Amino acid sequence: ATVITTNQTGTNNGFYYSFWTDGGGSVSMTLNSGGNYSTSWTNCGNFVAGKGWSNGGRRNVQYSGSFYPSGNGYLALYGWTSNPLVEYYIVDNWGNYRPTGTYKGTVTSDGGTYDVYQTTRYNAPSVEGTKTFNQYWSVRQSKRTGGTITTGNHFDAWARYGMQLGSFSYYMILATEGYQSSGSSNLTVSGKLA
């Protein structure tokens, strides 16, 4: 295993990984065999970390494990596009704070119903540095840790609702995120191209 406490991307046991923190509190990620990783955080600022793929795409993502936020955290299939720059989230779990914004309708996927939202961040950290970009969200109506995420179901619903993705030129990870919170996660990802 490899313990990560510093911003970086790379490959571990056949999976891409990304770790980003604003540097608040205490945040680590442990990289284990295959698609396994855990995180531990105490009074974080903001972080996003997980395993997945160097480029996004239509993928039947399978994951399992545990996600235990004390306060604000997200469990999401997470990544980015270029042209346009979009930060996208398919959220299966959260803590005290449910992501919201401009409501666009619902999509049904992997045994659940998801609420679709768009938000915008101005001059914020991104995979292209300080940038303005839209965020696309699918938020499950009931919390869970584990199952299939059919990314194609979400991408197609976003497209019907006028939320067009750019090119899958950046990573797509099964992410743990925290905001001014504590917690842990212990997750395994895999998944094949649909």
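For every residue, the number given is its place in the sequence shown, counted from 1.
Just going by the entry, 55-63 versus 40-48 on mean CA temperature factor gives the higher value to 55-63.
Within the listed group 149, 29, 159, 139, the record reports its top CA B-factor for 29. Per the PDB record, residue ranking by Cα B-factor puts residue 155 in the middle third of the chain. Ranked against the other modelled residues of its chain, the C-alpha B-factor of residue 132 as given in the entry falls in the highest third. Per-chain ranking of the deposited C-alpha B factor places residue 15 in the highest third. Among the modelled residues of its chain, residue 9 has a C-alpha B-factor that falls in the highest third according to the deposited record. Among the modelled residues of the chain, residue 70 sits in the middle third by CA temperature factor in this PDB entry.
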